[PDB]
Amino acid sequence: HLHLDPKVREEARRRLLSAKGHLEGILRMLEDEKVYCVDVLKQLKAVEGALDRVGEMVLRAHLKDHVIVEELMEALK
């Protein structure tokens, strides 16, 4: 629906690849025996923080374009 600026696209793709790499790390850690509950929670929050950052970039580009409301709101909620 939008031809995203390659710069924002490549930037978002980099942050998600990182998020993905990080999630694969948690998956591997979950293969170990002495894995701590707190470590899992912390790392999950880290992946979440990275996704939020990508969401902001996408939201930014979406708004700049349109600056529709119900659909946007529905997505933010």
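Just count from 1 along the sequence shown to find any residue number.
Novice: Would you mind ranking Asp65 by its C-alpha B-factor against the rest of the chain and naming the third, lowest, middle or highest?
Specialist: It falls in the top third of the chain.
Novice: By the recorded C-alpha temperature factor, relative to the other modelled residues in its chain, which third is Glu56 in?
Specialist: Tercile = highest for this residue's CA B-factor.
Novice: Select lowest, middle or highest to describe the third in which the CA B-factor of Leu44 falls within its chain in this entry.
Specialist: Lowest third.
Novice: Which third of the chain holds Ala50 when residues are ordered by C-alpha B factor: lowest, middle or highest?
Specialist: For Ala50, whose C-alpha B-factor we compare with every modelled residue in the chain, the answer is the lowest third.
Novice: Pull the Cα B-factor of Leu27 out of the PDB entry and bin it into the chain's lowest, middle or highest third.
Specialist: Ranked within chain, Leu27 CA B lands in the lowest tercile.
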